[PDB]
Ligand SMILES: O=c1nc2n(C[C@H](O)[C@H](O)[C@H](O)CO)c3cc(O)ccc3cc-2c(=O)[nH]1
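Coming up is one lone chain in structure tokens, specifically the form deposited without the named molecule.
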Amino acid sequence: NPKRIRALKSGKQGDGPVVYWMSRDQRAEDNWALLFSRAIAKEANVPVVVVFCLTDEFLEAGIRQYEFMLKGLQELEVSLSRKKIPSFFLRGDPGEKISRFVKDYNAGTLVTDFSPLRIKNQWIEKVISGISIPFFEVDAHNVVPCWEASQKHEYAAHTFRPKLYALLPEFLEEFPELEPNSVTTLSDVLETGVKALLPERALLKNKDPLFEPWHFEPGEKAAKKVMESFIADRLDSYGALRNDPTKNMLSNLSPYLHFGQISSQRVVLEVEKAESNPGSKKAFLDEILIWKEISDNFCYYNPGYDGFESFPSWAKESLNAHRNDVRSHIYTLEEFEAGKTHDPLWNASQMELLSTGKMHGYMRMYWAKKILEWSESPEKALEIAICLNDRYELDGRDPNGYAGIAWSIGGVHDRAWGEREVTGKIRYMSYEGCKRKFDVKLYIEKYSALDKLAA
């Protein structure tokens, strides 16, 4: 389906390899990008090669994301050579490195997947300028190409959802089988990059790592076994138990989908054919279909996705009007980060975020709204809630991150509610509201250990 490609640059198709510049979608199956690279490599009797660019951004988050990512690449690499596609791994800025790699190996054609974040689009430009062969983009990450789904920033779910469903019958389709190439250190990069990151690993008073790395096992292989678990054990109770922090009825797929270790489209396919509770199947389909992809919609059509300016006008006008309110408490980053607020429900969730790297969905909503209530300005609430989300979430640094922080503190894709001190018309949430929805003390007590335990 040609609608999944955009022509970034046009030109002289080299007598050489087709180059997949892998970035978002780190999987070898279920990958429209690797499929397109392999299509036009067959139309030219050239091999297809894969190149990944490892960049200095790993220092801005934690060992947890980097071991999750790097382990997934060790397994993609052997999985990619079993079908005769060599994987190449460059360490440097994709501005210069991908550029050089193009000239150096005589690439016939270049291809990349699609991120809507600002920095991938800075790179793509530095790539287009220092390059002579054609340059192609494929949305391998959304069921419906970001730029076809809609042509504007979408105001709400219920306005984006019809456009999306109207296009679902044509892009919800099976994946062809990736045919292997006809014509014919990462251990070490994992070593250095953890050495450089070990001085900042989150520790306990007894020098122990806070992080528990057994809750999510990385890779394509482990990814698919988590979807199969979810469809067989959890999908049915999803409508009813998804909002109860005390049960793991979440799919648990976000760390894998973030790193593109599983296609969102293979999951939809496999939910769609499964015979579960309708309400479960609907609730679930609109998270992974609508909300995931309005988040790409958000970050694409809004360059300042991660700042106050991108809130809707009414919530900008609201929070401004309450900047001069006395705040009940005020915390610093350090105080939040170590869960030293006055709110054991708040502090429990921050403990869940540090030791697992995935905080319960429903709780992240409460977490983010309390940052706005108990910090000195909204801009500073944004800053903390981004800092902590990207530092400690396994699925962080993600359009779902930005659009969800935005949802919580700024009202993006939300509506106006009853006007309050500090938080204005932004949707309010309370401990007492939690108490009627789920057994807070069970939550709190699962994590009440790790408080005194941390320094």
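Residue numbers run from 1 along the displayed sequence.
FYI, the form deposited with the named molecule bound isn't displayed, but the following is about it.
Subject >> Three-residue site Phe308, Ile384 and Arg427 fully in contact with the named molecule in the deposited bound form at 4.5 Å by heavy atom >> reply: Not a single residue of the candidate spot has a heavy atom within 4.5 Å of the named molecule in the deposited bound form.
Original post:
If contact means any heavy atom within 4.5 Å, which of 390 to 398, 417 to 425, 27 to 35, 40 to 48 contacts the named molecule in the deposited bound form?
Top reply: One stretch meets the cut-off, namely 390 to 398.
Original post:
Which of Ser375, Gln265, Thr356, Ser115 has a heavy atom within 4.5 Å of the named molecule in the deposited bound form?
Top reply: Among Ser375, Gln265, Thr356, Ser115, a heavy atom within 4.5 Å of the named molecule in the deposited bound form occurs only for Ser115.
Subject >> One residue of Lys84, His215, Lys120, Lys316 in contact with the named molecule, assessed in the deposited bound form (non-hydrogen atom, 4.5 angstroms) >> reply: Residue within 4.5 Å of the partner: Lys120.
Original post:
Just to confirm, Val412 within 4.5 Å of the named molecule in the deposited bound form by heavy atoms?
Top reply: So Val412 does not count as contacting the named molecule.
Original post:
Is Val19 close enough to the named molecule in the deposited bound form to count, meaning some heavy atom within 4.5 Å?
Top reply: Result no; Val19 lies far from the named molecule in the deposited bound form.
Subject >> Partner proximity in the deposited bound form: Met69 to the named molecule, non-hydrogen atom cutoff 4.5 Å >> reply: Within the cut-off, so yes.
Original post:
Does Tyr300 reach the named molecule in the deposited bound form if we count a contact as any heavy atom within 4.5 Å?
Top reply: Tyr300 lies outside the contact set for the named molecule.
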